[PDB]
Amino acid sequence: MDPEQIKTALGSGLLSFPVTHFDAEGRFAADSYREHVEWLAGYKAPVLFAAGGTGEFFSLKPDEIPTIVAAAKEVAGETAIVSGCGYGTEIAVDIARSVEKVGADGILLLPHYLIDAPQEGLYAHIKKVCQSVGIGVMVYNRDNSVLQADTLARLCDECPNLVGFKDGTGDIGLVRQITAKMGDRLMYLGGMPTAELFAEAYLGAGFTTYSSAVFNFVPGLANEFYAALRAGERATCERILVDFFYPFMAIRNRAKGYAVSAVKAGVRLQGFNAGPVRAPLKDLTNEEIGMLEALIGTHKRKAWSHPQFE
């Protein structure tokens, strides 16, 4: 897929970021992963990000990433598949080329590792990664990699395959500046960990889509929120925030990393055994999982037969 085609797909709907399934031994479990991705496919997200943050990119060995991407591509159907990428330049370029080779439709570039860096350095790093591949690139403003608007403009001028901007800062002042400066040169993607909490505000900032982490386990609910958002049906969005998202946030906020762990637990609850998270994430306790199960409530995909005797 050429960069203008993935750019178009990014603007075509809600974004899917699947958890990466592991077996009990912590190995990638492709059979489980494909089963789950296949189910998600029925809900018609136009872009799937394999091995992104919700997919535990940050705990994968680089040689696992093309394998995960290719597994997703087996069952994605008409969905575009974007790969996570990240770390310092040398590692990032190798990952980018390796996922381009297995047929990724783009890369989502997570921060480099560890250090704070000057704008000129961010520029040089991101430029080198974009020039290493022909597929589309989305940059991700978060943590220790936060592009200013002028730096991003320079990158856009020099790197035609740079077509998306995902925000994880929550900095409205900055992201509205970026959309004012770049206009339709870029597609703007909401990227806060539970993005529906930000989506109505982010419309005003110029963002009409986002990654929905909870789409992993309540896609019907996530799809309805998104449709209501785009239709301006505020009371519908608000009901879903009050009845599902703020209660979810109360679970998510119980421990560091639960923005991922709670999503993975949700997937398990819906009958897909996505397995444990990798350290240094920790899984929800069985009690916490029961809180989430109760919250999912009417949105359950199945019924469980819990073991019981007489």
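Numbers follow the displayed sequence, beginning with 1.
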Original post:
Do the C-alpha atoms of 179 to 187 or of 108 to 116 have the higher average B factor in the entry?
Top reply: 179 to 187
Original post:
Looking at the entry, does 5 to 13 or 293 to 301 show the higher mean C-alpha B-factor?
Top reply: 5 to 13
Subject >> Selection by C-alpha B-factor (highest) of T89, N223, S212, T208 >> reply: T208
Original post:
From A199, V102, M138, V218, can you pick the one with the highest C-alpha B factor in the entry?
Top reply: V102
**OP:** Select lowest, middle or highest to describe the third in which the CA B-factor of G77 falls within its chain in this entry.
**Re:** highest
Original post:
Thinking about Cα B factors across the chain, which third does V129 belong to?
Top reply: middle
Subject >> Third of the chain's Cα B-factor distribution that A262 belongs to, per the entry >> reply: lowest
**OP:** Give the position of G84 by CA B-factor within its chain, expressed as the lowest, middle or highest third.
**Re:** lowest
**OP:** Within this chain's modelled residues, let me know which third the CA B factor of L48 belongs to: lowest, middle or highest.
**Re:** middle
